Amino acid sequence: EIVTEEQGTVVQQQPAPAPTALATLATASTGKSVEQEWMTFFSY
Amino acid sequence: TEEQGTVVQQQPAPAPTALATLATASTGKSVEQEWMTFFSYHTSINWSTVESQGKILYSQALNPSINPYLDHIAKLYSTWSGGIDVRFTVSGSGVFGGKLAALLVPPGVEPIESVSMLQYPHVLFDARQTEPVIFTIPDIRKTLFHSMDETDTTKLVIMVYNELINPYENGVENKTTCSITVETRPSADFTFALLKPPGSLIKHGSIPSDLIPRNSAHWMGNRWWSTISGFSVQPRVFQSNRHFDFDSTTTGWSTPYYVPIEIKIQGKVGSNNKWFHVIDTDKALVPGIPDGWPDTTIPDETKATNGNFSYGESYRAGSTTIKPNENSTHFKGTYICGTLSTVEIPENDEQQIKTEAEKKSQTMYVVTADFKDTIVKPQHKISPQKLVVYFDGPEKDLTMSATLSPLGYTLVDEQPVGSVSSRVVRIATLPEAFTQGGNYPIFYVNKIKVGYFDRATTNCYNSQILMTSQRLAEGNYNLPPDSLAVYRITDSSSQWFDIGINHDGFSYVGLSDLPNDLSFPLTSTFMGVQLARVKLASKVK
Amino acid sequence: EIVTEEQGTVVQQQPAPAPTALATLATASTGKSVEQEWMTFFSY
Amino acid sequence: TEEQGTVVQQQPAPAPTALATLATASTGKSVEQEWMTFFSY
C-alpha cells in the first residue's frame with residue numbers, strides 16, 4: 160500500500176522516559192521561548 | 163527593559179499584512195519548521211542472506227546529525243535536547259523469511275556484535291514488512307541539556323535476529339538481498355537551545371564527522387599527491403611528516419598541502435661528485451627544513467659518484483622476481499623534482515660563472531642523508547644539515563637557488579614507498595599505530611611515478627588521506643583517546659567495511675586483510691564514534 | 160481488477176497549497192466567466 | 163530616585179526561574195544565613 164510522509168507504525172520500547180518532563184527541564188535551564196531566535200536581535 | 167537604538171518612521175512602510183496573506187495563500191505555509199512534519203532520507207541498508215544472526219546492520223546514537231535539516235540547523239546552535247524518530251521501511255519479497263531486532267542502548271554503554279545484546283528488551287520486525295516501522299529514540303541524559311560536543315547518547319541498534327531466507331534461491335553459492343531505507347524526523351520534544359556566536363569553537367571539540375571525504379575521488383595521500391587507489395592492512399603503521407593528530411600537533415616539517423620547494427644550493431671548486439648541500443630555504447614550517455621535503459631516505463651507503471639510471475634484466479616486465487643487486491643506480495630512493503634554477507653572479511670581479519648561470523635548468527633528485535664528501539650515508543633523522551640534492555650541478559665555487567616540485571621517485575625495488583620504519587624520515591619521534599584487539603591499522607595506497615622505466619609507477623603508502631590531515635590540522639576536533647572516529651566505506655558493489663580513526667590520526671579496520679577486487683569508485687559516510695575496544699564492522703567477500 | 164476511466168486512489172502531497180485561493184486570484188485578474196466564450200459573441 | 167546607568171536587553175536571558183527552583187530542590191536551601199541555625203565550634 161501507499162505510504163505518506165509521516166506514515167508508519169510506531170513501536171514502543173522498554174528503556175523509555177517521559178519525553179515531556181525532560182523537555183521542560185531543558186527549556187527551564189535553556190530559557191527557550193521562540194523557535195527562530197535570530198529574529199529577535201540585530202546581527203552585524 | 164530598553165532596546166538599544168531608536169525606531170524612526172520611514173515612508174515606504176511594510177504596513178501591509180495582506181502581502182503576507184497572499185504569500186501564504188500561494189505557498190501554502192502552515193508550520194514554521196517543516197522538517198518536523200515528514201521523514202527524510204538518512205541512510206540505506208542492504209540486508210543480505212549471508213549476514214548471519216548477531217550481526218549489527220545499523221547502530222546510530224541520538225544526535226542532530228542523524229537528520230539532514232536538524233544537522234544543518236545545529237550549526238547555528240550550541241545546545242540540543244530531545245529525541246528523534248527513526249523510520250525503517252523494509253522492502254523485500256513477500257516470499258522471503260527473517261526477523262530483525264531493534265533495541266535501545268542506554269548512554270555509557272557500547273554495543274557489540276553479539277546475541278548477548280538480545281538478553282535485553284527488544285522488538286523485532288519481519289523481512290516481509292507491509293507498513294514502515296518507526297522507532298523513536300528517547301533522549302536519556304543526566305544533564306538538563308546537551309552540548310554540541312556531546313556524543314554519549316541513547317543508541318539505536320538493529321541486529322539480525324533470524325537470518326534472511328529466500329526459498330526460490332538456488333542452493334549454489336549465491337545470495338539475494340532485501341533493501342531497507344532509514345529515514346528520520348525530529349520528535350516533538352526535540353529542540354535547539356542557545357545560539358552559538360558564529361566562528362566560535364566548541365570548548366570540548368567538534369565531532370569528527372568529516373575527516374574522510376564522501377567520494378574516494380577526492381582522496382589524495384598525505385605522502386604523495388596522487389589520489390588513493392587501494393589500501394593495505396599492516397600489523398603496524400607509521401609516519402611523521404604531514405601527519406596530524408586530533409590535538410592538531412605534528413611531528414613533521416610540512417603543512418597539510420603540496421607546495422613548491424624553494425631551496426638554496428652551493429657548489430665548491432674541485433668536486434668529482436654530484437651530490438650537494440642545502441644551505442637555506444624560503445617558505446618553511448620547522449625552522450631550517452623546507453616545507454614538503456620528502457619523507458623517505460636512501461636505502462644503503464654508496465660513493466658520491468656521478469651516474470645515471472641502470473637496472474639489470476631482473477626489472478623487465480614479466481619476471482615475478484626482482485633481485486635488488488641488479489639495481490646499480492646510485493641515487494636510489496630519491497625523489498624526482500622538476501626544477502627552475504638560477505645562479506647569483508657575484509659582484510663585478512670575475513664573471514667566470516656567468517657561463518654556469520646561463521646554462522639550462524636540470525631536474526634535481528632529492529633525498530635526505532649525512533654528507534661526508536666521499537660517501538653518502540642514509541639518515542632517518544632529518545635536520546637542516548642532512549638535506550641533500552643530486553644532479554649535474556656546477557663544479558665551480560657558487561651559490562645557486564632553485565624551485566622544485568616532486569613528480570616521481572627513483573625506483574629501488576618492488577616494496578612500496580615508506581613501508582619500513584628505518585627508511586622513514588623523522589625529527590624527534592615517529593608516530594605509530596599497532597594492531598589492537600582485532601582492529602588492524604591501515605595504509606592508504608596510491609601510485610607514484612618512477613625512475614627510468616616507461617610510464618611505469620610503484621606503490622606508495624600514506625598514513626592519512628590528505629584531507630584528514632587538513633581537517634585535523636586546521637580544525638578543533640575531539641574524541642576520547644579510547645575511541646575511534648568511525649566511517650563506513652562502500653565500494654561500487656555490495657561490499658563495505660568500516661574505518662576507525664585513532665586519536666593519534668591512524669586508521670584501523672576490523673579485518674586482518676582487505677580485498678583487492680574492490681570496485682574503487684568509493685563512497686564514505688560517517689557512522690559515529692566507537693570504543694576502540696570494539697571490532698570495526700565490515701561485510702566483504 | 161478492473162480500472163475504469165477515472166478510477167484511481169488520490170494521494171495528497173505534502174508541499175501543496177489551497178487551490179481555492181489561487182483559483183480566485185486567477186478568475187479575478189483574468190475576468191473568467193463562462194466556458195465556451197465563443198457562444199456569447201458574434202465573430203466576423 | 164534614579165539608578166545610574168541604563169538597562170539594556172541581552173538575548174541570552176536569565177528569564178528562567180525554574181532553574182533556581184531546581185537548584186533549591188537539589189541543595190535543600192531554606193534560610194539565607196545558615197550559620198544562624200546551628201552551633202559551631
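Residue numbers (the deposited numbering), protein chains in the order written: chain A, 160 to 203; chain B, 163 to 703; chain C, 160 to 203; chain B', 163 to 203. A prime marks a further copy of an entry chain.
Just so you know, even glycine gets a beta-carbon here, dropped at the ideal spot from N, CA and C.
Item checked: Collapsed DSSP secondary structure at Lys516/B in the structure displayed -> It is helical.
Note to self: Three Cβ pairs or more, each shorter than 8 Å: is that satisfied between the stretch 339-357 of chain B and the stretch 219-236 of chain B?
What the structure shows: Three or more beta-carbon pairs separated by less than 8 Å link the stretch 339-357 of chain B to the stretch 219-236 of chain B, which places the two stretches in contact.
Margin query: For the stretch 164-191 of chain B', list every residue whose C-beta sits within 7 Å of some C-beta in chain A, in sequence order.
Written below: If the cut-off is 7 Å between Cβ atoms, the stretch 164-191 of chain B' has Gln173, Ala175, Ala177, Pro178, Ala180, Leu181 and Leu184 near chain A.
Next item on the list: Run the CB neighbour count on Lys191/C, radius 10 Å, all protein chains shown included, and call it buried at 16 or more, exposed below.
Entry: Exposure of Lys191/C is indicated by the presence of fewer than 16 other C-beta atoms within 10 angstroms of its C-beta.
Margin query: Is there a C-beta anywhere in chain C that falls below 8 Å from the one on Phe200/B?
Written below: Using a CB distance cut-off of 8 Å, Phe200/B counts as an interface residue toward chain C.
Check: Below 8 Å between beta carbons: does that hold for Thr530/B and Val551/B?
Finding: No, Cβ-Cβ distance for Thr530/B and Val551/B is not below 8 Å.
Item checked: the stretch 289-304 of chain B: positions lying closer than 8 Å to chain A by Cβ -> For chain A, the residues of the stretch 289-304 of chain B that bring a beta carbon within less than 8 Å of one of its beta carbons are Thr292, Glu293, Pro294, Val295, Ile296, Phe297, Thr298, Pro300, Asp301, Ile302 and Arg303, in chain order.
Checklist line | Cβ-based contacts, 8 Å cut-off: residues of the stretch 345-356 of chain B near chain A | finding: Close to chain A, meaning a Cβ-Cβ distance shorter than 8 Å, are the following residues of the stretch 345-356 of chain B: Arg347, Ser349, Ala350, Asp351, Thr353, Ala355 and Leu356.
Margin query: On the CB-based measure, 16 or more other CB atoms within 10 Å of its CB, does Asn489/B come out buried or exposed?
Written below: Per the 10 Å Cβ criterion, buried.
Check: By DSSP, does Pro540/B sit in helix, in strand, or in coil?
Finding: Note: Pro540/B maps to strand in three-state DSSP.
Margin query: Is the separation between the beta-carbon of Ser700/B and that of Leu673/B shorter than 8 Å?
Written below: A contact, by the Cβ cut-off of 8 Å.
Notebook entry, point to check: Residue range of the alpha helix (DSSP H) that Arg633/B falls in?
Noted result: Here the alpha helix (DSSP H) through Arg633/B covers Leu628 to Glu636.
Next item on the list: Check whether the Cβ atoms of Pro683/B and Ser378/B sit closer than 8 Å, and answer yes or no.
Entry: Cβ distance < 8 Å, so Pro683/B and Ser378/B count as in contact.
Check: Where does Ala177/C sit, in a helix, a strand or coil, going by DSSP?
Finding: When DSSP states are grouped into helix, strand and coil, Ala177/C belongs to the coil group.
Item checked: Run of the alpha helix (DSSP H) containing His405/B, from where it starts to where it stops -> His405/B -> no alpha helix (DSSP H), and no H or E assigned at all.
Notebook entry, point to check: What residues of chain A sit near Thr241/B, judged by a beta carbon separation below 7 Å?
Noted result: The answer, in chain order, is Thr189.
Check: Using the beta-carbon count (16 or more within 10 Å), is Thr183/B buried or exposed?
Finding: Label assigned to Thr183/B: exposed.
Next item on the list: Assuming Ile320/B and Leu224/B form a contact by the criterion Cβ under 8 Å, report the distance between their Cβ atoms to the nearest whole angstrom.
Entry: Between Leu224/B and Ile320/B the Cβ distance is about 14 Å, and since that is not below 8 Å, they are no contact.
Item checked: Inter-residue CB distance, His308/B and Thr241/B (contact presumed, cutoff 8 Å) -> Sure, about 6 Å apart at Cβ, within 8 Å.
Checklist line | Member of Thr652/B, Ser481/B and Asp301/B whose CA lies at the smallest distance from the CA of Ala177/A | finding: Ranking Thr652/B, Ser481/B and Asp301/B by CA distance to the CA of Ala177/A puts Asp301/B first.
Next item on the list: For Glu194/A, go through chain B' and note every residue whose CB falls closer than 9 Å to its CB, in chain order.
Entry: Here the premise fails: no neighbours, minimum Cβ distance about 14 Å.
Margin query: Strictly below 8 Å CB to CB, what residues from chain A border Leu306/B?
Written below: Simply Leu184, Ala185, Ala187, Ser188 and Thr189.
Next item on the list: Compute the distance between the beta-carbons of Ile460/B and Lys494/B, then report whether it is under 8 Å.
Entry: Result yes, Cβ atoms of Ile460/B and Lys494/B sit closer than 8 Å.
Item checked: Rounded straight-line distance, which links the Cα of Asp444/B to that of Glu512/B -> Taking the straight line joining both Cα atoms gives about 28 Å.
Margin query: Just to confirm my understanding: we take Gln291/B, look at its own chain, exclude 5 residues before and 5 after, and list those with CB closer than 7 Å. What are they?
Written below: Close CB contacts of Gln291/B within its chain, under the 7 Å cut and outside five residues either way in sequence, are with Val252 (chain order).
Notebook entry, point to check: First and last residue of the beta strand (DSSP E) that includes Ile320/B?
Noted result: Unbroken beta strand (DSSP E) run through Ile320/B: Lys317 to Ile327.
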